[PDB]
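Trainee: got a sequence here, can you build the structure:
(one chain, ligands or ions: 9)
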Amino acid sequence: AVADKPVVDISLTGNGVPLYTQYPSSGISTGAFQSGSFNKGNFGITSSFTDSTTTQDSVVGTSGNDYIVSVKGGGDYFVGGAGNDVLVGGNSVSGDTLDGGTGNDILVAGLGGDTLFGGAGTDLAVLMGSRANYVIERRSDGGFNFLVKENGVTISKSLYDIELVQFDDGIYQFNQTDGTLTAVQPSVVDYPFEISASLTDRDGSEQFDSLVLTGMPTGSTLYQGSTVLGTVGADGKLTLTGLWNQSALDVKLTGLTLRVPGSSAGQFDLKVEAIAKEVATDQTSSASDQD
Ligand SMILES: [Ca+2]
Ligand SMILES: [Ca+2]
Ligand SMILES: [Ca+2]
Ligand SMILES: [Ca+2]
Ligand SMILES: [Ca+2]
Ligand SMILES: [Ca+2]
Ligand SMILES: [Ca+2]
Ligand SMILES: [Ca+2]
Ligand SMILES: [Ca+2]
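Mentor: Residues are numbered from 1 along each chain as shown. Ligands and ions are numbered 1, 2, ... in the order given. Structure data below:
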C-alpha cells in the first residue's frame, strides 16, 4: 500500500490570445473572419455580401454596418461606405483593395499584396502572424508598407488612414506620421492548455486525489469550456478535484483556458502536481512557461 509516483504532462496548446473589451475584433483570427465564425452582432452587422469570381470583383456595401468577405479569393475590391464595416479579403497572392470609407471599420487583409484604406474614423487592420513578423516603411504617399514573408516570399501590404493594427500577439496603436506601433495593454489574455496524468499502479487500488496548479497570476480564472473551475488567489494556486471519472487510472483534461488579467504578469510558469493515492500519497509535476 505504497503510493507509486504517477506521470503528469502539462501542455500549452497554443499561444496566449489577448482580448480587449473595447475592440470586438480582438480574439478573431483572419480564418474565423473569412469563414464567418464570429459574432456579427458584436459589430452591429445589418447586411452581408460575398464576392463571386476568382478574379478582381468590386462589391459596394451600404450606408449601414456591412460584412463583405472574399469567399473565392482573387484580390477583390470592397467599398464599405458609411457605417462600421467588416471587410474581409482573401489569401490569394493578388491583393485585395479594402476601402473602409467613413465609420470605424475592421479591414482584414488575409495573405497577399493587399491595399487597406481605413478612410475617416478610427479603423483597425487585422494582419496574420505576430507584430514581430512585420517590417514597417514610410511611403512617399503618406501610407505605409507592411512587409511580411508569406510562403517563404516577401510580400508588401499598404495601409492608409489606419489607427490600429491587430496581430496574433495583440492590438497596437499606429502612429500615422512615423509608423511607430505601440502595444495596447489587453483586458485579459487567454492561455489554452491540457493536462494528462496516469497512475503507474494499474490494479485500481490507486486513484488521482487531485491536480494542484501553481505559479498562476492572482485574479486569473480557469475555465473548462463553459465551466468556471476557479479563480486564482494571492497564493497563485488552484486544487482541481472531480473533473474526471474518479475510478480512472488515466486523466486527460482538455478545453482548459487560463484567463489572466492584462494588468498581471506577461510571463509565468504554470506548474501541475498530479497526486496519486491509496492512504499514502505520491506526486509528480511538469511545468510550461506562458508568455
Ligand atoms: Ca501503490
Ligand atoms: Ca473574388
Ligand atoms: Ca480576395
Ligand atoms: Ca457600410
Ligand atoms: Ca465604413
Ligand atoms: Ca488578401
Ligand atoms: Ca473608416
Ligand atoms: Ca481612419
Ligand atoms: Ca496496487
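Trainee: okay, which residue is most central for the protein?
Mentor: Among the residues of the chain, the one closest to the centroid is residue 17, at 3.6 Å (Cα atoms, centre = their mean).
Trainee: and the helices in this protein?
Mentor: Ranges of helices within the chain are 30-35, based on DSSP state H.
Trainee: residue numbers of it in contact with ligand 9?
Mentor: Contact residues, the chain versus ligand 9 (Cβ under 5 Å from the ion): 201, 203, 205. Every residue, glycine included, has its C-beta placed from N, CA and C.
Trainee: tell me the buried residues within the residues you listed.
Mentor: Among those, those buried by neighbour count (16 or more other Cβ atoms under 10 Å) are residue 201.
Trainee: let's see which of the residues of the chain next to ligand 9 end up in strands.
Mentor: With strands taken from DSSP state E, there is no overlap with those.
Trainee: from the residues of the chain next to ligand 9, which is closest to residue 212?
Mentor: residue 201 (19.3 Å; Cβ to Cβ).
Trainee: I figured the closest one hits residue 280, correct?
Mentor: No: between residue 201 and residue 280 there is no contact under Cβ atoms under 8 Å: 10.9 Å.
Trainee: list residues touching both of those two?
Mentor: Residues touching both residue 201 and residue 280 by Cβ atoms under 8 Å, 6 or more residues apart in numbering: residue 3.
Trainee: OK, contacts around residue 155?
Mentor: Applying Cβ under 8 Å, 6+ apart, we find residue 155 in contact with 93, 111-113, 147-149.
Trainee: give me the number of residues near the closest residue to residue 46 other than its chain neighbours?
Mentor: Spatial nearest neighbour of residue 46, chain neighbours left out: residue 64 (4.1 Å); criterion: Cβ to Cβ, 6 or more residues apart in numbering. Neighbourhood size, residue 64 [other Cβ atoms under 10 Å]: 16.
Trainee: ok, the nearest residue to residue 254 once chain neighbours are set aside to residue 10 distance?
Mentor: Of all residues not flanking residue 254 in the chain, residue 194 sits nearest, at 5.2 Å (Cβ to Cβ, 6+ apart). Counting by Cβ to Cβ, to the nearest Å, the gap from residue 194 to residue 10 is 7 Å.
Trainee: kindly report the same for residue 132.
Mentor: When distance is defined by Cβ to Cβ, residue 132 is 26 Å away from residue 10.
Trainee: next: residue 157.
Mentor: From residue 157 to residue 10 the distance is 37 Å (Cβ to Cβ).
Trainee: can you list the residues of this structure near ligand 4?
Mentor: 61, 66, 80-81, 83, 85.
Trainee: please flag which of those residues sit within strands.
Mentor: If you go by DSSP E, these have residue 66 in strands.
Trainee: out of the residues of the chain next to ligand 4, which comes closest to ligand 1?
Mentor: Ligand 1 lies nearest to residue 85 out of the residues of the chain next to ligand 4, by Cβ to the ion, at 63.1 Å.
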